[PDB]
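Read through the structure below, which is laid out as structure tokens, and then see the notes.
Chains as they are written, first to last, in PDB author numbering: chain A, 34 to 87; chain B, 34 to 87; chain C, 142 to 249; chain D, 196 to 292.
Here is the structure:
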């Protein structure tokens, strides 16, 4: 009359969805942030070198 | 009188179809997007080099 | 730049899993309520005395001491979460100030 | 039926709806994060390519004056004028920084 086992297992699958997706997402987001800072640094160096020549 | 086991297993196979096909598809779609951006960059470099010579 | 990304990556996961453990907690509390009132349900093998002494246990033990202890543990979880997020935010400032300090000197 | 209509129908189903709501909200938030990262990448790429073009514009006049050297004339008005062009080009680039 209270299928609490099935209820809890449902909640388990539901939570496990969001666990997996957070896990997959945040790593790649951090990779993006790294590449953004790297491109920034390359840009700074290139512009600096040009300006110093000019 | 309610073949709920068979019902659920049917739903399992049905869902598992779409899981497998989404899994197979989106990877190759991302590969396409990568190749598109790469060809774009090559194009930009080639055209730029030509223009700068001319 | 590697740990610069690792910081944000751990931070977002922390913020998500805080609310996910909060949801786990609220799913847990009412489960414990149901279990408590169900353990207090089958105490009718006695007369009317066995009823009220069972509900006395259910309303004095769990309802009187356990649930505020759960709230207290939750509060400590909240406080530690906030403190660690502040540590993250401080490290952000540190890294960015260091980078600016370097680039300015490069220009000079 | 009192148990069936008070326990599940009274508390469980709205809790399911609440959990579903949190799922929806997190889904939306993460999709927004994705959409923001898209903007970030594309703005970075455009910022780079524009600067590439600006550099190559200077490189053009540079190489031009370099081949204008090999006439073995230091009094060539073509060479003097191309030098004047490059000076103003460098001034306008440095003023942008």
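We put the beta carbon where it would ideally sit given N, CA and C, even for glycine.
Is DSSP giving residue 229/D helix, strand or coil here? On the fourth chain, position 34 is the one that residue 229/D refers to. Reduced to three states, the DSSP call for residue 229/D is helix.
Residues that residue 85/B contacts on chain D, provided the C-beta gap is smaller than 9 Å: Locating residue 85/B in the second chain gives position 52, counting from the first residue. Simply 251, 252, 254, 255, 258.
At what residues does the alpha helix (DSSP H) containing residue 285/D begin and finish? Here residue 285/D is taken as the residue at index 90 of the fourth chain, counted from 1. First-last of the alpha helix (DSSP H) with residue 285/D: 272–290.
Give me, in chain order, the residues of the same chain whose beta-carbon lies closer than 6 Å to that of residue 152/C; leave out the 5 immediate sequence neighbours on both sides. For the purposes of this step, residue 152/C is identified with residue 11 of the third chain, where counting begins at 1. Taken in chain order, the residues that qualify are 229.
Take the Cβ of residue 62/B as the centre, count every other Cβ of all protein chains shown within 10 Å, and call the residue buried at 16 or more, exposed below. Here residue 62/B refers to the residue found at position 29 when the second chain is read from its first residue. Looking at its Cβ environment, which holds fewer than 16 other Cβ atoms inside 10 Å, residue 62/B is exposed.
For the stretch 39–57 of chain B against the stretch 187–203 of chain C, are there 3 or more C-beta pairs whose distance is under 8 Å? no
Through-space distance from residue 155/C to residue 254/D, alpha-carbon basis: Walking along the fourth chain from the start, residue 254/D turns up at place 59. Walking along the third chain from the start, residue 155/C turns up at place 14. Computed Cα separation, rounded: 49 Å.
Quick one: which chain D residues come within Cβ less than 8 Å of residue 264/C? Outside the shown range of chain C (142 to 249) lies residue 264/C, about which nothing can therefore be said.
If you follow the alpha helix (DSSP H) that residue 157/C is in, where does it begin and where does it stop? As a first step, residue 157/C is located in the third chain; it is residue number 16 there, counting from the start. Segment 143–180, the alpha helix (DSSP H) holding residue 157/C.
Going along chain A in order, which residues have a C-beta closer than 9 Å to the C-beta of residue 149/C? Taking the first residue of the third chain as position 1, residue 149/C is located at position 8. The answer, in chain order, is 59, 62, 63, 66.
Any beta-carbon of chain A closer than 7 Å to the one on residue 114/C? The structure shown does not extend to residue 114/C, since chain C is modelled only from 142 through 249, so no value can be given for it.
Using a C-beta to C-beta distance shorter than 9 Å, which residues of chain A count as neighbours of residue 226/C? Numbered from its first residue, the third chain carries residue 226/C at position 85. What residue 226/C touches in chain A: nothing, since even the nearest Cβ is about 15 Å away.
Alpha-carbon spacing of residue 287/D relative to residue 213/D, whole angstroms: Here residue 287/D refers to the residue found at position 92 when the fourth chain is read from its first residue. Here residue 213/D refers to the residue found at position 18 when the fourth chain is read from its first residue. Whole-angstrom Cα-Cα distance: 60 Å.
Helix, strand or coil at residue 267/D [DSSP, three-state]: Your numbering for residue 267/D matches position 72 in the fourth chain. Residue 267/D: coil per DSSP, three-state reduction.
Taking C-beta pairs closer than 8 Å, name the residues in chain C that residue 72/A reaches, listed in chain order. Position 39 of the first chain holds residue 72/A. Residues of chain C passing the Cβ test: none, with the nearest at roughly 10 Å.
For residue 152/D, which three-state DSSP category applies? This structure cannot settle anything about residue 152/D, because the visible part of chain D is limited to 196 through 292.
When the Cα atoms are used, what is the spatial distance from residue 219/D to residue 59/B? Along the fourth chain, read from residue 1 onward, the residue named residue 219/D stands at position 24. Along the second chain, read from residue 1 onward, the residue named residue 59/B stands at position 26. One C-alpha to the other measures close to 22 Å.
At 8 Å on the CB atoms, spell out the chain B contacts of residue 244/D, in chain order. Taking the first residue of the fourth chain as position 1, residue 244/D is located at position 49. By Cβ distance, chain B contributes 77.
Output the boundary residues of the alpha helix (DSSP H) element that contains residue 78/B. Taking the second chain and counting its residues from 1, the one referred to as residue 78/B is at position 45. 37–86 is the extent of the alpha helix (DSSP H) around residue 78/B.
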